[PDB]
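*Asks:* Those protein sequence lines, which keep their order, are chains P and U. Counting from -10, one number per residue, gives the positions in the first sequence under this note's numbering. Counting from 43, one number per residue, gives the positions in the second sequence under this note's numbering. Yeah, the Cβ is synthetic: ideal placement off N, Cα and C, and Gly gets one too.
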Amino acid sequence: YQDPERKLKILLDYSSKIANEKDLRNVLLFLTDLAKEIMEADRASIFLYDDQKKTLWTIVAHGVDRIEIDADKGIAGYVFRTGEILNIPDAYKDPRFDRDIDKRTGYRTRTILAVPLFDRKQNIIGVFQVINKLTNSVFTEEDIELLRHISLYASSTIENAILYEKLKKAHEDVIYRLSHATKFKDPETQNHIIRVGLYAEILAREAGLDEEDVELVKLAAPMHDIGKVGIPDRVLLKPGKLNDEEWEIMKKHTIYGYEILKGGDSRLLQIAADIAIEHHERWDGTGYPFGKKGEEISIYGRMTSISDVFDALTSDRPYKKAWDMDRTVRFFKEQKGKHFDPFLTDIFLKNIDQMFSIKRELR
Amino acid sequence: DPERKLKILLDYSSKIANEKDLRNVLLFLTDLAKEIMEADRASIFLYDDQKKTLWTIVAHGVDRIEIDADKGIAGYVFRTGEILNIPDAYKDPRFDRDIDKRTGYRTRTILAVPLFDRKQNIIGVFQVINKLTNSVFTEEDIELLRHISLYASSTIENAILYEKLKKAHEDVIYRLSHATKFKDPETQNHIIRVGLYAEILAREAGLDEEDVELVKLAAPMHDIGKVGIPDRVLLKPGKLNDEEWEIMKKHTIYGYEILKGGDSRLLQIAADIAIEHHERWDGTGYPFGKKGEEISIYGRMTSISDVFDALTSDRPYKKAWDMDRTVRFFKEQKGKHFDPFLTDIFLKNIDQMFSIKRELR
Ligand SMILES: Nc1nc2c(ncn2[C@@H]2O[C@@H]3COP(=O)(O)O[C@H]4[C@@H](O)[C@H](n5cnc6c(=O)[nH]c(N)nc65)O[C@@H]4COP(=O)(O)O[C@H]3[C@H]2O)c(=O)[nH]1
Ligand SMILES: [Fe+3]
Ligand SMILES: [Fe+3]
Ligand SMILES: [Fe+3]
Ligand SMILES: [Fe+3]
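#1: Just the residues with CB closer than 7 Å to a heavy atom of ligand 2, in chain order, which are they?
#2: Given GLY280(P), which residues of its chain have a CB within under 7 Å of its CB, disregarding the five upstream and five downstream residues?
#3: What is the rounded straight-line gap between the Cα of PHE320(P) and the Cα of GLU350(P)?
#4: Determine whether the Cβ of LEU71(U) lies closer than 8 Å to any Cβ atom of chain P.
#5: Bridge partners of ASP324(U), per DSSP?
#6: Counting only Cβ pairs nearer than 8 Å, list the residues of chain P close to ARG217(U).
#7: Which chain U residues are close to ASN9(P), counting only those with a beta carbon under 9 Å from its beta carbon?
#8: Establish whether the CB of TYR204(U) and some CB of chain P are separated by less than 8 Å.
#9: Anyone know if the C-beta pair for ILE78(U) and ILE171(U) falls short of 8 Å?
#10: When you measure from the CB of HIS379(U) to every non-hydrogen atom of ligand 5, does any distance come out below 7 Å?
#11: Say yes only if the C-beta of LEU333(P) is nearer than 7 Å to one or more non-hydrogen atoms of ligand 1, and no if none qualify.
#12: So which residues of chain U does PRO221(P) contact, with C-beta pairs closer than 7 Å?
#13: Assuming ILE346(U) and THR385(U) make a contact with CB atoms under 8 Å, what is their CB distance in whole Å?
#14: So does the segment 206 to 226 of chain U actually touch the segment 155 to 173 of chain P, counting three or more Cβ pairs closer than 8 Å?
#15: Taking Cβ-Cβ distances shorter than 9 Å, what residues in chain U pair up with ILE183(P)?
#16: Along chain U, in chain order, which residues have C-beta atoms closer than 9 Å to that of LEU(-3)(P)?
#17: Just curious, the alpha helix (DSSP H) that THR334(P) is in, first and last residue?
#18: Just curious, the beta strand (DSSP E) that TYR89(U) is in, first and last residue?
#19: Is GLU241(U) buried or exposed, if buried means 16 or more other CB atoms sit within 10 Å of its CB?
#20: Any heavy atom of ligand 5 closer than 7 Å to the CB of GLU228(U)?
#21: Let's test the definition: count the other Cβ atoms within 10 Å of the Cβ of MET292(P) and tell me whether it reaches 16, buried, or not, exposed.
#22: Would DSSP call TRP97(U) helix, strand or coil?
#23: Is there contact here, the segment 85 to 96 of chain P with the segment 62 to 69 of chain P, by at least three beta-carbon pairs under 8 Å?
#24: By the DSSP assignment, the alpha helix (DSSP H) with residue 404(U) in it spans what residues?
#25: Could you tell me which of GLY297(U), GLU288(U), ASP82(U), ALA261(U) sits nearest to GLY270(U), measuring between CA atoms?
#26: Taking DSSP as the reference, what is the three-state secondary structure of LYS360(U)?
#27: What does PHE224(U) reach in chain P if we use C-beta pairs closer than 7 Å?
#28: Mind listing the chain U neighbours of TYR289(P)? Cutoff is C-beta to C-beta under 7 Å, in chain order.
#29: Over what stretch of residues does the beta strand (DSSP E) that includes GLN118(P) continue unbroken?
#30: On the DSSP letters alone, give me the boundaries of the beta strand (DSSP E) that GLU57(P) sits inside.
#31: Would you kindly work out how many angstroms separate the C-alpha atoms of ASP199(P) and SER34(P), rounded to a whole number?
#32: What separation, rounded to the nearest whole angstrom, lies between the Cα atoms of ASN125(P) and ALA24(P)?
#33: Quick check on this structure: which residue in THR21(P), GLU177(P), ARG256(P) has the alpha carbon closest to the alpha carbon of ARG306(P)?
#34: Report all residues from its chain with a CB closer than 8 Å to the CB of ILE107(U); omit the five preceding and five following residues, and keep chain order.
#35: Tell me which same chain residues have a C-beta within less than 8 Å of the C-beta of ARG97(P), skipping the five on either side of it?
Have a look at this one:
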């Protein structure tokens, strides 16, 4: 016997999957799979618009690249420009149809149903299309209603996926650019700030931290030197060696960083604050400001020592050319259990090629 | 038919994919449960790690209600993880009949299932009450609810995630804009409020809700370039001379440099506000002397909100201006310092400005 709620459940299930997916590629996939099943159609395609290349595009197979689709021709095109539904009972009795996919693969297209996709403000942003109804000879009035409702969901989840990406990207740009405010009074390039996070990301990832803490270090670590805004010019700008009144001030950037950052309530800023105050501590317990020992340093500080030191050693600094892999490996191998967490050092060594490819690919 | 319930679910799921407020998401979910399960009421309960209780919202988004996490029906499902199907609430020892006693409701059937996070901890309870047949929840019913509960977990977890991202994005803009705090008197709250004023201004000025959110978060970075000013100036204990003043002016350029080139919209606007906020509508400002609509609108809104905040803050020997005093000032500055069309809008809403200034002291 049959299940009355069968499709309802399928649809709940797709809706859970799509709600967890942050990747537009997979959202488009799951959407088309969903439509094929609920519409009982052999195929489906979502078409979206590109402002800059001025065309529609679509992904044909799982995991292969955009296909450009001419905004002005074909069925999709017509729907896109006019705003209205096309229901082709037979595709071959229709001039707007290009039999060319059809020529080559062993496939005959019979029925086509295509509706527009609207953004929140009623602009047509693309087309949703299904092909070859399986449990009937044509697409019905109800099929149209159904797809109109699907197009509504496709739109919402598509936009929401894009908007989460924009906000994620902005949040990064803001940490990067503001973290580099010290730049008028410190040689450190933009990319130093970025790269330190990228290394610490790999580390946290491979030490097996939760996926969220991985994204956290990636973004907390770059703020490690923010305290430098609180250092006197006479000290921050002085080239070469520092006396022992000046160094004592320069060390204080760890405490300043804490001050700047500890005030938030977000986890990002609790982590960033800890990193700022900790990343010059040392596993031995010798490093400043407090001489914290082993596990007394948070793991996020520990990951940041390693990353901070790596990035410095592999850049030209006054009188020292950047270290190659071989020396850097020798150095970490030496400092294992000394400057650094021994466990994290191993992980770092396992992953050293990636560190260097980050370093090479970000000038 | 039976495409009716799919069309309903797509409808609710469209609303939910857009909704960025948790409380609204819980409302939509419980209305979906009601239509999909053909039942009269539905509640969602979430756990607070902090207060160590469950909570729920009722319709109208009034203050959330504490529910005892240990006892009760949601308490049982929460603690044990088992499903509860009651055929008659009033024959059950675990039911609390006071919600009935106050509302005048009569609870008959209750079905409650747990909600799970990805790591598979119980994070709350989904509860459906009074199936519209007047008879029991069936196994096919329980089964539909396990699936609904799965969608609710997802949309919830997603929405709590989005909120963490929002809240941290703000904290970072605020805390890092106040990075000048070791070398400059401007307060954390000054920085926030300037964006709050700009927000209200942008909204009432007609801008899209996305641009309103932007100015709320861009304007607080207007003074970032102060970081680049030499101590021999920013920290000079005197008044400055003209050579030193010219270097001060540069924090506008320094800001633009720090912020620009960012690919995203937020930073384009911030970089513009930073270079523009000391320009004046009549072209007598600095650093470039831009006139009228050559100053971007986000700049124009910030000039206004920044001056507003200054005039209304006490400094020694100089009490803050009150409402009347301040309004006179903006009227006198219309078309000079400030964009006239925008001052008017600002004036229509000046009570809101003082409210902000009053609560975020
Ligand atoms: N063993 C070894 N470790 C290295 C070397 N170069 C960098 N590091 C490591 O990298 C950390 C941060 O270095 P940085 O990026 O140059 O960032 C430095 C740098 O900007 C500044 N600094 C350190 N020494 C001097 C100095 O003599 N003059 C000036 N102007 N600044 C200095 O203070 C920051 C913190 O430095 P540290 O507390 O020493 O902590 C250092 C140190 O452990 C090296 O050649 N050998
Ligand atoms: Fe440091
Ligand atoms: Fe200022
Ligand atoms: Fe300024
Ligand atoms: Fe200001």
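*Replies:* Concretely, from the data shown:
#1: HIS213(P), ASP214(P), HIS242(P), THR243(P), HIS268(P), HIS269(P), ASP297(P)
#2: Here residue 280(P) is taken as the residue at index 291 of the first sequence, counted from 1. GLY274.
#3: Indexing the first sequence from 1 puts residue 320(P) at position 331. Indexing the first sequence from 1 puts residue 350(P) at position 361. The straight-line gap from Cα to Cα measures roughly 23 Å.
#4: Looking up residue 71(U) in the second sequence gives position 29. Answer no: the Cβ-Cβ gap between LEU71(U) and chain P never drops below 8 Å.
#5: Here residue 324(U) refers to the residue found at position 282 when the second sequence is read from its first residue. Partner(s): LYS333(U).
#6: One-based indexing of the second sequence puts residue 217(U) at position 175. Simply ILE249, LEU250, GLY252, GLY253, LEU258.
#7: Residue mapping note: residue 9(P) aligns to position 20 of the first sequence, counting from 1. In chain order: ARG160, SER196, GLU199, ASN200.
#8: As a first step, residue 204(U) is located in the second sequence; it is residue number 162 there, counting from the start. At least one chain P Cβ lies under 8 Å of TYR204(U).
#9: Your numbering for residue 78(U) matches position 36 in the second sequence. Your numbering for residue 171(U) matches position 129 in the second sequence. Against a cut-off of 8 Å, the Cβ pair of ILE171(U) and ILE78(U) comes out as no contact.
#10: Residue 379(U) sits at position 337 when you count from the first residue of the second sequence. False, no ligand heavy atom lies under 7 Å from that Cβ.
#11: What you label residue 333(P) is simply residue 344 of the first sequence in a count that begins at 1. Flag unset: Cβ of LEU333(P) not near ligand 1.
#12: Position 232 of the first sequence, counted from the start, is the residue given in the question as residue 221(P). Within 7 Å Cβ-Cβ: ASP273.
#13: Within the second sequence, residue 346(U) is the residue found at index 304, counting from 1. Within the second sequence, residue 385(U) is the residue found at index 343, counting from 1. With 8 Å as the limit, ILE346(U) and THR385(U) qualify as a contact, their Cβ atoms being about 7 Å apart.
#14: yes
#15: Translated into positions along the first sequence, residue 183(P) becomes position 194. The premise fails here: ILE183(P) is roughly 13 Å from chain U at the closest Cβ pair, so nothing lies under 9 Å.
#16: Counted from its first residue, the first sequence places residue -3(P) at position 8. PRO44, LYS47, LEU48, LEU51, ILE78, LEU186, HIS189, listed in chain order.
#17: As a first step, residue 334(P) is located in the first sequence; it is residue number 345 there, counting from the start. Per DSSP, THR334(P) belongs to the alpha helix (DSSP H) from 331 to 339.
#18: As a first step, residue 89(U) must be located in the second sequence, where it is residue number 47. Segment 81 to 90, the beta strand (DSSP E) holding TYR89(U).
#19: If you number the second sequence from 1, residue 241(U) lands on position 199. Flag for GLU241(U) reads buried.
#20: For the purposes of this step, residue 228(U) is taken as the residue at position 186 of the second sequence. Because some heavy atom of ligand 5 lies under 7 Å away, the Cβ of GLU228(U) counts as near it: yes.
#21: Position 303 of the first sequence holds residue 292(P). It is buried - the Cβ of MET292(P) has at least 16 other Cβ atoms within 10 Å.
#22: In the second sequence, counting from the first residue as 1, residue 97(U) sits at position 55. Note: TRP97(U) maps to strand in three-state DSSP.
#23: yes
#24: Within the shown structure, residues of chain U are numbered from 43 to 403, placing residue 404(U) beyond reach of any answer.
#25: Indexing the second sequence from 1 puts residue 270(U) at position 228. That would be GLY297(U), whose Cα lies nearest to the Cα of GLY270(U).
#26: As a first step, residue 360(U) is located in the second sequence; it is residue number 318 there, counting from the start. Of the three classes helix, strand and coil, the one that applies to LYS360(U) here is strand, per DSSP.
#27: If you number the second sequence from 1, residue 224(U) lands on position 182. Correct list: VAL218, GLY219, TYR245.
#28: Sequence index remark: in the first sequence, residue 289(P) carries index 300 (1-based). Correct list: empty, because the minimum Cβ distance to chain U is about 15 Å.
#29: Within the first sequence, residue 118(P) is the residue found at index 129, counting from 1. Here the beta strand (DSSP E) through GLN118(P) covers 113 to 122.
#30: Locating residue 57(P) in the first sequence gives position 68, counting from the first residue. Note, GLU57(P): beta strand (DSSP E), 56 to 58.
#31: By one-based count along the first sequence, residue 199(P) stands at place 210. By one-based count along the first sequence, residue 34(P) stands at place 45. C-alpha separation (whole angstroms): 35 Å.
#32: Stepping through the first sequence from its first residue, residue 125(P) is reached at position 136. Stepping through the first sequence from its first residue, residue 24(P) is reached at position 35. Each residue's Cα considered, the two are about 16 Å apart.
#33: Translated into the one-based positions of the first sequence, residue 306(P) becomes position 317. Checking every option, the nearest Cα to that of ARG306(P) belongs to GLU177(P).
#34: As a working mapping, residue 107(U) is identified with position 65 in the second sequence. If we look at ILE107(U) and ignore the five residues flanking it on each side, its Cβ neighbours are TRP97, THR98, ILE99, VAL100.
#35: Here residue 97(P) corresponds to residue number 108 of the first sequence, with the count starting at 1. Once the five neighbours on either side are set aside, the close Cβ partners of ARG97(P) are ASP91.
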